[PDB]
Each structure stands twice: as structure tokens, then as C-alpha cells.
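Have a look at protein34.csv below; it lists CSV, N, CA and C atoms.
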chain,number,residue,atom,x,y,z
A,1,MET,N,0.8,-1.2,0.0
A,1,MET,CA,0.0,0.0,0.0
A,1,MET,C,0.8,1.3,0.0
A,2,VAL,N,2.0,1.2,0.6
A,2,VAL,CA,2.8,2.4,0.8
A,2,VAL,C,3.8,2.5,-0.4
A,3,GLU,N,3.6,3.4,-1.3
A,3,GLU,CA,4.4,3.5,-2.5
A,3,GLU,C,5.6,4.5,-2.3
A,4,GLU,N,6.7,4.3,-3.0
A,4,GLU,CA,7.8,5.2,-2.9
A,4,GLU,C,7.6,6.4,-3.7
A,5,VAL,N,8.0,7.5,-3.3
A,5,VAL,CA,8.0,8.8,-4.0
A,5,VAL,C,9.4,9.4,-4.1
A,6,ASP,N,9.7,10.1,-5.1
A,6,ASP,CA,11.0,10.7,-5.3
A,6,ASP,C,10.9,12.1,-5.8
A,7,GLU,N,12.1,12.7,-6.1
A,7,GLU,CA,12.2,14.0,-6.7
A,7,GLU,C,11.3,14.2,-7.9
A,8,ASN,N,11.2,13.1,-8.8
A,8,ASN,CA,10.5,13.2,-10.0
A,8,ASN,C,9.0,13.3,-9.8
A,9,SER,N,8.5,12.5,-8.8
A,9,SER,CA,7.0,12.4,-8.6
A,9,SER,C,6.5,13.2,-7.5
A,10,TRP,N,7.4,14.0,-6.8
A,10,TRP,CA,7.0,14.7,-5.6
A,10,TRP,C,6.0,15.7,-5.8
A,11,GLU,N,6.1,16.6,-6.8
A,11,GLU,CA,5.1,17.6,-7.0
A,11,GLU,C,3.8,17.0,-7.3
A,12,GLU,N,3.7,16.0,-8.1
A,12,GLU,CA,2.3,15.5,-8.5
A,12,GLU,C,1.7,14.7,-7.4
A,13,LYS,N,2.5,13.9,-6.7
A,13,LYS,CA,1.9,13.0,-5.7
A,13,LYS,C,1.8,13.6,-4.3
A,14,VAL,N,2.7,14.5,-3.9
A,14,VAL,CA,2.7,15.1,-2.6
A,14,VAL,C,2.1,16.5,-2.6
A,15,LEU,N,2.8,17.4,-3.3
A,15,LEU,CA,2.4,18.8,-3.2
A,15,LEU,C,1.1,19.1,-3.9
A,16,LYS,N,0.7,18.3,-4.9
A,16,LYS,CA,-0.6,18.6,-5.6
A,16,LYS,C,-1.7,17.7,-5.2
A,17,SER,N,-1.5,16.8,-4.1
A,17,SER,CA,-2.6,16.0,-3.6
A,17,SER,C,-3.8,16.8,-3.1
A,18,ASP,N,-5.0,16.3,-3.4
A,18,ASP,CA,-6.2,16.8,-2.8
A,18,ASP,C,-6.5,16.3,-1.4
A,19,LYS,N,-5.8,15.4,-0.9
A,19,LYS,CA,-5.9,14.9,0.4
A,19,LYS,C,-4.6,15.0,1.2
A,20,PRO,N,-4.7,15.1,2.5
A,20,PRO,CA,-3.4,15.2,3.2
A,20,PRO,C,-2.5,14.0,2.9
A,21,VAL,N,-1.2,14.2,3.0
A,21,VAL,CA,-0.2,13.2,2.6
A,21,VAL,C,0.8,13.0,3.8
A,22,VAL,N,1.0,11.8,4.1
A,22,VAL,CA,2.0,11.3,5.1
A,22,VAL,C,3.1,10.8,4.4
A,23,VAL,N,4.4,11.3,4.7
A,23,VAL,CA,5.6,10.8,4.0
A,23,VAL,C,6.5,10.2,5.1
A,24,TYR,N,6.7,8.9,4.9
A,24,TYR,CA,7.6,8.1,5.9
A,24,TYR,C,9.0,8.1,5.3
A,25,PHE,N,10.0,8.6,6.0
A,25,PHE,CA,11.4,8.6,5.6
A,25,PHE,C,12.1,7.5,6.3
A,26,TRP,N,12.8,6.6,5.5
A,26,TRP,CA,13.4,5.4,6.1
A,26,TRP,C,14.7,5.1,5.4
A,27,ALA,N,15.4,4.1,5.8
A,27,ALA,CA,16.6,3.7,5.2
A,27,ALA,C,16.8,2.2,5.4
A,28,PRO,N,17.3,1.5,4.4
A,28,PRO,CA,17.5,0.0,4.6
A,28,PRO,C,18.4,-0.3,5.8
A,29,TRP,N,19.3,0.6,6.1
A,29,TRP,CA,20.3,0.4,7.2
A,29,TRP,C,19.8,0.7,8.6
A,30,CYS,N,18.6,1.2,8.7
A,30,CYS,CA,18.0,1.7,10.0
A,30,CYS,C,17.2,0.6,10.7
A,31,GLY,N,17.7,0.2,11.8
A,31,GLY,CA,17.1,-0.8,12.6
A,31,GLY,C,15.7,-0.3,13.1
A,32,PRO,N,15.6,0.8,13.7
A,32,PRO,CA,14.2,1.3,14.1
A,32,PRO,C,13.2,1.5,13.0
A,33,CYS,N,13.6,1.6,11.7
A,33,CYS,CA,12.7,1.6,10.7
A,33,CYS,C,11.9,0.3,10.6
A,34,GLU,N,12.5,-0.8,11.0
A,34,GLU,CA,11.8,-2.1,11.1
A,34,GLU,C,10.7,-2.1,12.1
A,35,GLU,N,10.9,-1.2,13.2
A,35,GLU,CA,9.9,-1.2,14.2
A,35,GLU,C,8.7,-0.4,13.8
A,36,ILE,N,8.9,0.7,13.0
A,36,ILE,CA,7.8,1.6,12.7
A,36,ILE,C,7.1,1.1,11.4
A,37,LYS,N,7.8,0.4,10.5
A,37,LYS,CA,7.2,-0.1,9.2
A,37,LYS,C,5.8,-0.7,9.4
A,38,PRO,N,5.5,-1.6,10.3
A,38,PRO,CA,4.1,-2.1,10.4
A,38,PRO,C,3.1,-1.1,10.8
A,39,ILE,N,3.5,-0.1,11.6
A,39,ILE,CA,2.6,1.0,12.0
A,39,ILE,C,2.2,1.8,10.8
A,40,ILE,N,3.2,2.1,9.9
A,40,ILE,CA,2.9,2.9,8.7
A,40,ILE,C,2.0,2.2,7.8
A,41,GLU,N,2.2,0.8,7.7
A,41,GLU,CA,1.4,0.0,6.8
A,41,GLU,C,-0.1,-0.1,7.3
A,42,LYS,N,-0.2,-0.2,8.7
A,42,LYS,CA,-1.5,-0.3,9.3
A,42,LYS,C,-2.3,1.0,9.1
A,43,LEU,N,-1.6,2.1,9.3
A,43,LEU,CA,-2.3,3.4,9.1
A,43,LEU,C,-2.7,3.7,7.7
A,44,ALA,N,-1.8,3.3,6.8
A,44,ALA,CA,-2.1,3.5,5.3
A,44,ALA,C,-3.4,2.7,5.0
A,45,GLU,N,-3.6,1.5,5.5
A,45,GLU,CA,-4.8,0.7,5.2
A,45,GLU,C,-6.0,1.4,5.9
A,46,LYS,N,-5.9,1.7,7.2
A,46,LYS,CA,-7.0,2.3,7.9
A,46,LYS,C,-7.5,3.6,7.2
A,47,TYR,N,-6.6,4.4,6.8
A,47,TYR,CA,-7.0,5.7,6.2
A,47,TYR,C,-6.9,5.7,4.7
A,48,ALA,N,-7.0,4.6,4.1
A,48,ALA,CA,-7.0,4.5,2.6
A,48,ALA,C,-8.2,5.3,2.1
A,49,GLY,N,-8.0,6.1,1.1
A,49,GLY,CA,-9.0,7.0,0.6
A,49,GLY,C,-9.2,8.3,1.4
A,50,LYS,N,-8.5,8.4,2.5
A,50,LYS,CA,-8.6,9.6,3.3
A,50,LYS,C,-7.3,10.4,3.4
A,51,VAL,N,-6.2,9.8,3.5
A,51,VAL,CA,-4.8,10.3,3.3
A,51,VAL,C,-4.1,9.4,2.4
A,52,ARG,N,-3.1,10.0,1.7
A,52,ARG,CA,-2.1,9.2,1.0
A,52,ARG,C,-0.9,9.0,1.9
A,53,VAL,N,-0.3,7.8,1.9
A,53,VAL,CA,0.9,7.5,2.7
A,53,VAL,C,1.9,7.1,1.7
A,54,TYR,N,3.1,7.8,1.7
A,54,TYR,CA,4.2,7.5,0.8
A,54,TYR,C,5.4,7.2,1.6
A,55,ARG,N,6.4,6.6,1.0
A,55,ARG,CA,7.7,6.4,1.6
A,55,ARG,C,8.9,7.0,0.8
A,56,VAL,N,9.9,7.5,1.5
A,56,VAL,CA,11.1,8.0,0.8
A,56,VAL,C,12.3,7.3,1.5
A,57,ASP,N,13.0,6.5,0.7
A,57,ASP,CA,14.3,6.0,1.1
A,57,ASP,C,15.3,7.1,1.0
A,58,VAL,N,15.9,7.6,2.1
A,58,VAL,CA,16.7,8.8,2.1
A,58,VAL,C,18.0,8.5,1.4
A,59,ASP,N,18.4,7.3,1.1
A,59,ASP,CA,19.6,7.0,0.3
A,59,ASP,C,19.3,7.2,-1.1
A,60,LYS,N,18.1,6.8,-1.6
A,60,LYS,CA,17.6,7.0,-2.9
A,60,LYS,C,17.3,8.5,-3.3
A,61,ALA,N,16.8,9.2,-2.3
A,61,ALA,CA,16.4,10.6,-2.6
A,61,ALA,C,17.1,11.6,-1.6
A,62,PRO,N,18.4,11.7,-1.6
A,62,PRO,CA,19.1,12.6,-0.7
A,62,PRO,C,18.7,14.0,-0.9
A,63,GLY,N,18.3,14.4,-2.1
A,63,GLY,CA,17.8,15.8,-2.2
A,63,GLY,C,16.6,16.1,-1.5
A,64,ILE,N,15.6,15.1,-1.5
A,64,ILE,CA,14.4,15.3,-0.7
A,64,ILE,C,14.7,15.4,0.8
A,65,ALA,N,15.6,14.5,1.2
A,65,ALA,CA,16.0,14.6,2.6
A,65,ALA,C,16.6,15.9,3.0
A,66,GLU,N,17.5,16.4,2.1
A,66,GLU,CA,18.1,17.7,2.4
A,66,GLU,C,17.1,18.8,2.4
A,67,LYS,N,16.2,18.8,1.4
A,67,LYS,CA,15.2,19.8,1.3
A,67,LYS,C,14.3,20.0,2.6
A,68,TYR,N,13.9,18.9,3.2
A,68,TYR,CA,13.1,18.9,4.3
A,68,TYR,C,13.9,18.7,5.6
A,69,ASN,N,15.2,18.8,5.6
A,69,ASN,CA,16.0,18.7,6.8
A,69,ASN,C,15.7,17.4,7.6
A,70,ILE,N,15.7,16.3,6.8
A,70,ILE,CA,15.5,15.0,7.4
A,70,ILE,C,16.9,14.6,8.0
A,71,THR,N,17.2,15.0,9.2
A,71,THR,CA,18.5,14.8,9.8
A,71,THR,C,18.7,13.5,10.5
A,72,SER,N,17.6,12.7,10.7
A,72,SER,CA,17.7,11.3,11.1
A,72,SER,C,16.5,10.6,10.6
A,73,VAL,N,16.5,9.3,10.6
A,73,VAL,CA,15.4,8.4,10.3
A,73,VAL,C,15.2,7.4,11.4
A,74,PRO,N,14.0,6.9,11.6
A,74,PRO,CA,12.8,7.2,10.8
A,74,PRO,C,12.3,8.6,11.0
A,75,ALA,N,11.5,9.1,10.0
A,75,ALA,CA,10.9,10.4,10.2
A,75,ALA,C,9.5,10.3,9.5
A,76,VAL,N,8.6,11.1,10.0
A,76,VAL,CA,7.3,11.2,9.3
A,76,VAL,C,6.9,12.6,9.2
A,77,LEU,N,6.5,13.0,8.0
A,77,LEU,CA,6.1,14.4,7.7
A,77,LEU,C,4.7,14.4,7.2
A,78,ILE,N,3.9,15.4,7.7
A,78,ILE,CA,2.5,15.4,7.3
A,78,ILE,C,2.3,16.7,6.5
A,79,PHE,N,1.8,16.6,5.3
A,79,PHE,CA,1.5,17.8,4.4
A,79,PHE,C,0.0,17.9,4.2
A,80,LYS,N,-0.4,19.1,3.9
A,80,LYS,CA,-1.7,19.4,3.4
A,80,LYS,C,-1.7,20.5,2.5
A,81,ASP,N,-2.2,20.3,1.3
A,81,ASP,CA,-2.4,21.4,0.3
A,81,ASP,C,-1.1,22.1,0.0
A,82,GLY,N,0.0,21.3,-0.2
A,82,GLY,CA,1.3,21.8,-0.5
A,82,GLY,C,2.1,22.4,0.6
A,83,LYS,N,1.6,22.3,1.9
A,83,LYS,CA,2.2,22.9,3.0
A,83,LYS,C,2.6,21.8,4.0
A,84,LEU,N,3.8,21.9,4.6
A,84,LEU,CA,4.2,21.0,5.6
A,84,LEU,C,3.6,21.4,7.0
A,85,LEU,N,2.9,20.5,7.6
A,85,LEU,CA,2.2,20.8,8.8
A,85,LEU,C,2.9,20.2,10.1
A,86,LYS,N,3.7,19.1,10.0
A,86,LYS,CA,4.3,18.6,11.2
A,86,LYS,C,5.4,17.6,10.7
A,87,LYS,N,6.5,17.7,11.5
A,87,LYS,CA,7.6,16.7,11.4
A,87,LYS,C,7.7,15.9,12.6
A,88,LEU,N,7.8,14.6,12.5
A,88,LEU,CA,7.9,13.7,13.7
A,88,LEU,C,9.2,12.8,13.4
A,89,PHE,N,10.1,12.8,14.4
A,89,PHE,CA,11.3,12.1,14.3
A,89,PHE,C,11.3,11.0,15.3
A,90,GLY,N,12.0,9.9,15.0
A,90,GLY,CA,12.2,8.8,15.9
A,90,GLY,C,11.1,7.8,15.9
A,91,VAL,N,11.1,6.9,16.9
A,91,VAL,CA,10.1,5.9,17.2
A,91,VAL,C,9.1,6.5,18.2
A,92,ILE,N,8.0,7.1,17.7
A,92,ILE,CA,7.0,7.7,18.5
A,92,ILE,C,5.8,6.7,18.6
A,93,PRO,N,5.0,6.8,19.6
A,93,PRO,CA,3.8,5.9,19.7
A,93,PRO,C,2.9,6.0,18.5
A,94,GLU,N,2.3,4.8,18.1
A,94,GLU,CA,1.4,4.8,17.0
A,94,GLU,C,0.2,5.7,17.3
A,95,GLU,N,-0.3,5.8,18.5
A,95,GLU,CA,-1.4,6.6,18.9
A,95,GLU,C,-1.0,8.1,18.6
A,96,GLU,N,0.2,8.5,18.8
A,96,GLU,CA,0.7,9.8,18.6
A,96,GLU,C,0.6,10.2,17.1
A,97,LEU,N,1.2,9.3,16.2
A,97,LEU,CA,1.1,9.5,14.8
A,97,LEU,C,-0.3,9.5,14.3
A,98,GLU,N,-1.2,8.6,14.8
A,98,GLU,CA,-2.6,8.6,14.4
A,98,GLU,C,-3.3,9.9,14.8
A,99,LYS,N,-2.9,10.4,16.0
A,99,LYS,CA,-3.5,11.7,16.4
A,99,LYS,C,-3.2,12.8,15.5
A,100,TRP,N,-2.0,12.8,14.9
A,100,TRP,CA,-1.7,13.9,13.9
A,100,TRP,C,-2.3,13.7,12.6
A,101,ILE,N,-2.5,12.4,12.2
A,101,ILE,CA,-3.3,12.1,11.0
A,101,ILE,C,-4.8,12.6,11.2
A,102,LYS,N,-5.3,12.4,12.4
A,102,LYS,CA,-6.7,12.8,12.6
A,102,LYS,C,-6.9,14.3,12.6
A,103,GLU,N,-5.8,15.0,13.0
A,103,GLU,CA,-5.9,16.5,13.0
A,103,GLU,C,-6.1,17.1,11.6
A,104,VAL,N,-5.6,16.4,10.6
A,104,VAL,CA,-5.7,16.9,9.2
A,104,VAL,C,-7.0,16.4,8.5
A,105,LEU,N,-7.8,15.7,9.2
A,105,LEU,CA,-9.0,15.1,8.7
A,105,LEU,C,-10.3,15.6,9.2
Show this structure as C-alpha cells.
Amino acid sequence: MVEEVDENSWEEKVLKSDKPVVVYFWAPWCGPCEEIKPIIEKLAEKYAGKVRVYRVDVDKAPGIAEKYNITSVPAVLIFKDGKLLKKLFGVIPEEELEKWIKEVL
């Protein structure tokens, strides 16, 4: 359910979305990304058709990571209508992340 987004598709998928967008930043070398991965997948399914959930491998898209000052992973950013609303870094409780998704709905 959680599709990768990059520099090429970022404008159309993230910035031009009609629904809020959650972007999960991860890296194959990051242990804690294994901990949060099932949370991201669960919320993508729960909110399907309400928010879009995308992922960015920071090694594949280092320009996106630099643009949004993704200075560690895992990180989750929440956008609405082209505007960044919240940055969350680290392993934070799933109820916290869900609370922020509900705020944009």
C-alpha cells in the first residue's frame, strides 16, 4: 500500500494532492525503521482514501532529505495542500502518529 515517492514524482503525488499526505522517511540500514514499518502500513490501510501514505528511502532521494532537513530516520512528515504541517522524528507511539493524521481530517 505504501508507494515510494522521489524528486520526479514529488510535485504531483505530494504537493498537488487533494488529500493530506503522510511521508515516511526510512533507510535500509536503519534498525528502528523495522519497528515503525508495520505502524505505517496499518495506518495506510486504515486511512485508505482519506490520506495518501508514501515512503522515501533517504539514500535514494538525498535531495528530498536535504530539502526537508531529514537529519535522522525514521521520520514522518504530514503535508496538506502543498504545506508542511508537522515533522515527527524517531520511534513515537502509534497513537501519537494517528492523532496527527486525525488533526488533518
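Taking atom CA of residue A:67 and atom CA of residue A:8 as endpoints, the distance between them is 13.9 Å.
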Next item on the list: Mind giving me the straight-line distance from atom CA of residue A:83 to atom CA of residue A:17 in Å, one decimal?
Entry: 10.7 Å
Checklist line | chain A: residues DSSP assigns to strand (DSSP E or B), reported as a ChimeraX atom specification | finding: /A:3-4,21-26,52-57,75-80,83-89
Next item on the list: Could you tell me which of A:61, A:2, A:77, A:14 comes closest to residue A:45 if we count all atoms listed in the file?
Entry: A:2
Next item on the list: Apply DSSP to the structure's backbone, then extract all residues of stretch 17-104 of chain A labelled alpha helix (DSSP H) and return them as JSON, numbers by chain.
Entry: {"A": [31, 32, 33, 34, 35, 36, 37, 38, 39, 40, 41, 42, 43, 44, 45, 46, 62, 63, 64, 65, 66, 67, 94, 95, 96, 97, 98, 99, 100, 101, 102, 103]}
Check: Which value, in Å to one decimal, gives the distance between atom CA of residue A:82 and atom N of residue A:15?
Finding: 5.4 Å
Check: Can you tell me, as a count of residues only, what residues are no more than 7 Å from residue A:74 when counting only C-alpha atoms, ignoring any on the same chain fewer than 3 positions away?
Finding: 6
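Restricting the calculation to only C-alpha atoms, the smallest distance between residue A:87 and any of A:102, A:68, A:31, A:50 is found for A:68.
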Margin query: Here is a test: counting only C-alpha atoms, which residue of A:53, A:104, A:36, A:64 is nearest to residue A:1?
Written below: A:53
Next item on the list: For residue A:48, list every protein, DNA or RNA residue within 12 Å, evaluated using only C-alpha atoms, and leave out those in the same chain fewer than 3 positions away; present the list as a list in words.
Entry: residues 1, 2, 19, 20, 21, 22, 40, 41, 42, 43, 44, 45, 51, 52, 53, 54 and 101 of chain A
Next item on the list: Using only N, CA and C atoms, find the one residue out of A:5, A:75, A:92, A:85 that sits nearest to residue A:23.
Entry: A:75
